[PDB]
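**Student:** Sequence isn't available, so here's the structure alone:
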Ligand SMILES: [Mg+2]
Ligand SMILES: [Mg+2]
Ligand SMILES: [Mg+2]
């Protein structure tokens, strides 16, 4: 449909089943709905692990770099997945969340030690 | 799209002219547009409430036009700074005012639009830019006896590296791409940052229309 | 709070009600009525206004939301002698023309304000009922217009369009003597010739039906000056 | 006041009025322009103030002052119009309206950054205007027009008033009297300027030490840096190169500063118990301007006292510029240089009046040519009315 503006965004369309998420890493307009019209599909993301304990993420790097060069914006989960894959540097939000998790583990260990004596 | 039975609508076109005329004839003047109620922090014109973090500076500081009104020629060649710049940036950041048009509708004469030259972090721009955020209650003026002292800035070269290592996956991609063609050079690839320089969020932007070249 | 410097300066009527009627009423009644109307004018400021001017009148209305009621309109006519003088104000509000006949010396009037002092080509414009609504429509919230004394109350020479026949009165008859109506676009030559059969040319030269009031006006002006000096 | 003796104004002022004006038509015309909301020139407002006849005309010119410059042509106010208006005010009142229009300094905003600043003070001294001329120095300091040789002229009067000042200064007084010596007083040739700077810094530091840092630059044209006692000490330290100082009034005021800072430390309920307005209102709106390791001046009192005691001994040991009184020393110095500055200001005033007169006729010619071309266009269109 016609839009007054908007920008191309490579995001995740949550297309799946109840209690079973499944994201399609797709490049679409910013003003379109999440499961609406899109430009070109790039990859897939499975949040839940499979029988092998592996989380499958699909990236079409050739199209991803082309669209990013054309001027496609990226979402925070998209940047996180790209940093995990290694095509992009690790997002500092992941680093600060890891630091917070480490501090929480240290606090939990201290509380467990002080609740035992 | 284009049909044989298209009705030549005229009311819709006349409404565009009516709204265009009412936009200019009833244009809200910037004085009452930016008028502020200092008790409830509510704008009488727009009806939006100011941020909680901005409640202190509104009551404890002054805006640009509230201090520029007492100057003889509305600050021709004067240097004006900001509280936020003074706090965050130790390097001098000032605006040299070249022209000011205060709004005549204000009874207290504390609103207007000014242009000038921006010198942020000691870097002097050779172009004239319209002053942004005039209504902000953070502007401060420097005296004449300190005008020369505040401009004292030292040019220290930056220590930012010009090249950075590639991410591991892209580095492997490049290594495989050149290896397939047969380049036996095992030189470390680097990503350039010469054109990656970006301005800080405190750096004001220009308010003039962009010219398409 | 800058001071704004404007203009450099660099460059170098008897009201109709005071006229007594032509009857043989004793002058003592006229003198008493003039004294009473001057006493009333001492409190209520009655400005100078002619037929065709636009006025705003404030009246004491007990049944309104506020005790003051404002009505703005053009003065259709002024008639009466002494304390009972009245003037008719006409204004079209939301397509419905309203005419109100106010009394000059009624105590319920709070303020009379002339927003446009302007004469017209006719001493009594009763034809606004049959005229187009555009000539009777006036903004209630218009601002008063101040004019210089040297303008000598300029007269508005405006030709007024007319609705198709019939009209409220026979405005084409010579007895009305109306010049402000654009008759050439509303009436035909045969109708114009027919209307001339009621003309009475001898009345302009009768020399006896005229009313001379030079001495009466002089005495009234002297009494007004004495009352003002009092 | 000696300037006006050789700067006779009645001879040249009566040679500037060439407008020969009256009331009615231009009164009406400009009231019509502002009924129509149309900006106008300063040429007309100069023309009328050129033909003021009485104080009633001055009050008319004031209500004038108060109903146009809120038009688009606010910045185009000419300089010579200010001089003409000041001269007309001096013709009648000379003492009340000029002070009322300047004390606000933003409400009327004449902004006379010319020799008129010296001329008004010279006329004030004729009646000696003790309380009348005190406020004018504050507004001149705010305007920061200390380019013409008015420094000594204002320093004479502020030192006249400082000797008479025997009271307990309030919050506003400790700010304005302290600020009325740094920006105004900047003479490096004599000891008067250095003594004025030392006196002003000492008084300005009291506000920072007692009330807060923001109040010294909230409205005064001062600096927000916390170092003002250090600025008071650096001018004394400059004695290694400057042989001539005041060494009397600055020392006396620093004695007051040190005793005030020495009595508050042991006795907290004696001098510091003057803040009884509110507690929760101040705690909720408390502002922290300094950092934690910014070396707050409150903990540097032992450093300040030792520096002052060490410097004052050396100043008397080597400098020995201890004068009997600063006012009598400044009186003979300021009046000595007045004949030197009158000869340098007469030529610039004589060229300023010539250039202002040249601009007046240029503006008159612009108006005349605009009117004549408008008449020509109207006549050409009326001869051959061709519209649409
Ligand atoms: Mg479902
Ligand atoms: Mg908003
Ligand atoms: Mg009838």
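**Tutor:** Sure thing, it's come through. Numbers count the residues shown, from 1 in each chain, chains lettered A, B, ... in the order given. Ligands and ions are numbered 1, 2, ... in the order given.
**Student:** From now on I want contacts and neighbour counts done on CA atoms only, so please keep to that.
**Tutor:** Fine.
**Student:** Identify, by residue count, the longest strand of chain C.
**Tutor:** strand C:68-79 (DSSP state E).
**Student:** That one - which strands sit beside it in the sheet, and in what orientation?
**Tutor:** strand C:54-60 (antiparallel), strand C:86-93 (antiparallel) (DSSP bridges).
**Student:** And the helices in chain C?
**Tutor:** C:27-43, C:189-195, C:214-229 (DSSP state H).
**Student:** Would you mark the buried spots in the first one?
**Tutor:** In other words, helix C:27-43. Neighbour counts over helix C:27-43 (16 or more other CA atoms under 10 Å in any protein chain shown) mark C:30-31, C:33-35, C:37-38, C:40 as buried.
**Student:** Equivalent analysis for stretch B:84-94, please.
**Tutor:** Under 16+ other CA under 10 Å, the buried positions of stretch B:84-94 are B:85-86, B:91-94.
**Student:** State the number of residues packed around residue A:96.
**Tutor:** Counted with other CA atoms under 10 Å in any protein chain shown, residues neighbouring residue A:96 total 11.
**Student:** That one and chain C: what is the separation?
**Tutor:** Distance, residue A:96 to chain C, by CA to the nearest CA, to the nearest Å: 52 Å.
**Student:** can you check residue D:274 too?
**Tutor:** In terms of CA to the nearest CA, residue D:274 sits 34 Å off from chain C.
**Student:** same question, residue D:63
**Tutor:** Distance of residue D:63 to chain C, given as CA to the nearest CA: 7 Å.
**Student:** My guess is that residue contacts residue C:5. True?
**Tutor:** Yes. Look at residue D:63 against residue C:5 with CA atoms under 8 Å: they come within range, at 7.3 Å.
**Student:** Look at the two and report which has more neighbours.
**Tutor:** Neighbours around residue D:63 and residue C:5, counted as other CA under 10 Å, are more numerous at residue C:5. The numbers are 23 against 16.
**Student:** tell me the contacts of that one?
**Tutor:** With contact taken as CA atoms under 8 Å, 6 or more residues apart in numbering or on different chains, residue C:5 is in contact with D:45, D:61-70.
**Student:** Equivalent analysis for residue B:73, please.
**Tutor:** So residue B:73 contacts residue D:75 (CA under 8 Å, 6+ apart).
**Student:** between the buried residues of stretch B:84-94, which is nearest chain D?
**Tutor:** residue B:86 (10.0 Å; CA to the nearest CA).
**Student:** Can you confirm whether the helix or strand where that closest one lies lies near chain D?
**Tutor:** Counting by DSSP states H and E, the element that carries residue B:86 is helix B:83-88. No. Counting by CA under 8 Å from any CA of the partner chain, chain D is not contacted by helix B:83-88; separation bottoms out at 9.0 Å.
**Student:** Centre of the chain to that helix, how far?
**Tutor:** Mean-position distance between helix B:83-88 and its chain equals 15 Å (CA atoms, centre = their mean, to the nearest Å).
**Student:** Which residue ranges of chain A form strands?
**Tutor:** Using DSSP E, strands in chain A cover A:8-14, A:23-29, A:40-45, A:73-74.
**Student:** Which SSE is immediately downstream of the helix holding residue B:86?
**Tutor:** Downstream of helix B:83-88, the first helix or strand assigned by DSSP H and E is strand B:94-102.
**Student:** So what are the sheet partners of that following strand and their directions?
**Tutor:** Taking DSSP bridges as the criterion, strand B:94-102 forms sheet pairs with strand B:79-82 (antiparallel), strand B:112-120 (antiparallel).
**Student:** Report the distance from the shortest one to the chain centre.
**Tutor:** Centre-to-centre, strand B:79-82 and its host chain are 14 Å apart (CA atoms, centre = their mean).
**Student:** Next, residue B:110: secondary structure please.
**Tutor:** coil (DSSP: H, G, I helix; E, B strand; the rest coil).
**Student:** now do residue D:261
**Tutor:** helix.
**Student:** which residue packs closest to the residue in chain B that chain C sits nearest to, ignoring adjacent ones?
**Tutor:** Residue nearest to chain C within chain B: residue B:108 (3.5 Å; CA to the nearest CA). Leaving aside its sequence neighbours, residue B:108 sits nearest to residue C:1 (CA to CA, 6 or more residues apart in numbering or on different chains; 3.5 Å).
**Student:** Just give the number of residues close to that neighbour.
**Tutor:** Applying other CA under 10 Å, we find 17 residues neighbouring residue C:1.
**Student:** Hmm, residue D:106 and it touching each other?
**Tutor:** Yes. At 6.4 Å, residue C:1 counts as touching residue D:106 under the criterion of CA under 8 Å.
**Student:** residue ranges for the strands of chain C, please.
**Tutor:** Assigned by DSSP E, the strands in chain C fall at C:54-60, C:68-79, C:86-93, C:96-103, C:109-116, C:119-120, C:155-156.
**Student:** nearest to residue A:108, of these?
**Tutor:** Comparing the strands of chain C against residue A:108 with CA to CA, the closest turns out to be strand C:68-79 (77.5 Å).
**Student:** List the buried residues for that closest one?
**Tutor:** Residues of strand C:68-79 classed as buried: C:68-69, C:72-78 (neighbour count, 16+ other CA under 10 Å).
**Student:** check contacts around the residue of chain B found nearest chain A.
**Tutor:** Residue of chain B nearest chain A, by CA to the nearest CA: residue B:169 (4.9 Å). Under the criterion of CA under 8 Å, 6+ apart, the contact list for residue B:169 reads A:85-87.
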